[PDB]
């Protein structure tokens, strides 16, 4: 239903950075720099440019002061300068609004194309970026909870099949998804860079940004983030985890920034770069699909997500999902989940796992 354009898709390398509008620049700086340990590439009174430990492009996160907290741009890096032209021609044919700046929208990025995509998300495509010192061996700066890479975005959208087809035509490959036996798709994960994903689609009212995810080297680094949050007595900002994912097989943690933007810390998924990488489909009632250890998913994780902006800086209107709700079918009043397929023992009726 989103048609495949005749124009070639641009060659997208990876997710590269997010621009997030925040309301109190000092509080957010404290969260992202003081608590999480991200590295400042540039800052002034309006913006903070932050990067992970192993990054060499200018930034992975731009915090921009504004009146309404929201995603302003989710940016992917393309292979060549000519891929920014291809992106522009591709989104024109799709009838999408686009805006092209030879000198970039944020500091440290050159020629860039921003678009309101067919799902209502603000995508940016760019090649040119100002290189900075790669801190990958600066173990003199390395913190016990060090965030090493930007890994993915996760987007909330009402119709997952619709979005999936569009991203596949754009060159993303589905690695895992969640479905039921009645034809509904609840979520899908897709990649360009050869990890489990660069973005993911989560079925719900949208467009909204569910989260932005950063990686650590090891599982103990994620444990340390939790421990530090307890020491700072902000354990209430730990939403969910730590855990092992079923889908993706990664060790994880979800935390909430001062504007409630959700950040995931993630480590140790697997290689997906082969073009016939086997796709894995989970059943929506399988209680090990989201947390492998069967720990319950808190309802806020399903219902809460960040607003997104259009190209003019106004909030995108939210469209309701009419397909079945992952929350309702697993943990709501008429919900169901199993530990072992076909086994009544270890199954949950009308409530979440673990009592």
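Positions refer to the first chain, counted from 1.
- Higher mean CA temperature factor between 245 to 253 and 77 to 85: 77 to 85, per the PDB entry.
- Look at the C-alpha B-factors of 208 to 216 and of 121 to 129. On average they run higher in 121 to 129.
- Sorting 147, 226, 174, 115 by the CA temperature factor given in the entry leaves 115 at the top.
- Note on the listed residues 101, 134, 237, 262: the highest Cα temperature factor in the record is that of 101.
- The entry lists a Cα temperature factor for residue 300 that places it in the middle third of the chain's modelled residues.
- Residue 143 sits in the middle third of its chain by CA B factor, as recorded in the PDB entry.
- Among all modelled residues in its chain, residue 230 ranks in the lowest third by Cα B-factor.
- Among the modelled residues of its chain, residue 151 has a C-alpha B-factor that falls in the lowest third, as given in the PDB entry.
- In the PDB entry, a CA B factor belonging to the lowest third of its chain's modelled residues is recorded for residue 289.
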